[PDB]
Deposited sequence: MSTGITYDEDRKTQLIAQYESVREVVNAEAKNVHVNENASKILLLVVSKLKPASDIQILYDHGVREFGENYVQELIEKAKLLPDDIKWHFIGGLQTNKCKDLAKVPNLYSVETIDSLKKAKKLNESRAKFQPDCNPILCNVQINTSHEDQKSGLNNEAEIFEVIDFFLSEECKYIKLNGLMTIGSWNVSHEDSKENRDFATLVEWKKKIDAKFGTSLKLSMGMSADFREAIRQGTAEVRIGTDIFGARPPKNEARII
């Protein structure tokens, strides 16, 4: 497939395994496996091939066109996770990727309906896209994420409806803020929702600077790039 240098291979795998060892060590230190989503945004496809060949399957991309271009160049069994800003007009585009495993940035009912809509038309055959609801856990104003309980509840209601058959509600997601109060707020959102809808939501929180704490607060998935591709 994509050709890569041997010195970079040895270095990428080393840095990755070291990140994965700390994630596993942190997890094993609590009261069962956490996903290490490898955020390859802006990284070349050769780097992904390096890790792919190493056994890695789940990579996170933030840009729609980049993910699509990347998906066509690399193996079909990669489990792409779209973790960037989602515009309703790009849903149709994303839905076309067969191996689009997950979309963690659904932050409106309009978007959920459009992705489910698009997925039905272009890849009804393919497995339902696993989805996370992005919530603004910061107590500040943030360009993305939901903060309104009524609107959040309305998004969850649709996911559990019979009409939503091509995208599956998996959990909650947050970019945090800039002990962790943000992860704490996400944890509280999962309880209020699990209680009201009878769900057992999966949490996606924790990045390069705070994945350890996220791991301590119950995360089911951490998204790390910098620590792995440096």
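- Stretches of the deposited sequence left without coordinates are 1 to 3, 35 to 39, 187 to 194, 247 to 257, in sequence order.
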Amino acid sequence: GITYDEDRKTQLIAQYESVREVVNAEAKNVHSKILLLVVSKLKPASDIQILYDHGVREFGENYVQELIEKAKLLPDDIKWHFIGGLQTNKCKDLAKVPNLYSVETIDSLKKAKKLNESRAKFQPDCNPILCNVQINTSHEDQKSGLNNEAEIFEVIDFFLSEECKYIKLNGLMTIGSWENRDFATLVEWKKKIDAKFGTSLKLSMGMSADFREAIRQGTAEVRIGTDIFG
From here on, numbers count along this sequence of modelled residues.
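- Taking the PDB entry as given, 195 to 203 carries the higher mean Cα B factor of the two stretches 195 to 203 and 58 to 66.
- Set 21 to 29 against 215 to 223 and average the Cα temperature factors; 21 to 29 ends up higher.
- Looking only at 135, 129, 94, 83, the residue with the top Cα B factor in the deposited structure is 94.
- In the PDB entry, the Cα temperature factor peaks, among 105, 108, 102, 142, at 142.
- Among the modelled residues of the chain, residue 157 sits in the lowest third by CA temperature factor in this PDB entry.
- For residue 151, the recorded CA B-factor ranks within the lowest third of the chain. Only modelled residues enter the ranking.
- For residue 46, the recorded CA temperature factor ranks within the lowest third of the chain's modelled residues.
- Per the deposited record, the Cα B-factor of residue 113 falls in the middle third when ranked against the other modelled residues of its chain.
- Among all modelled residues in its chain, residue 180 ranks in the highest third by Cα B-factor.
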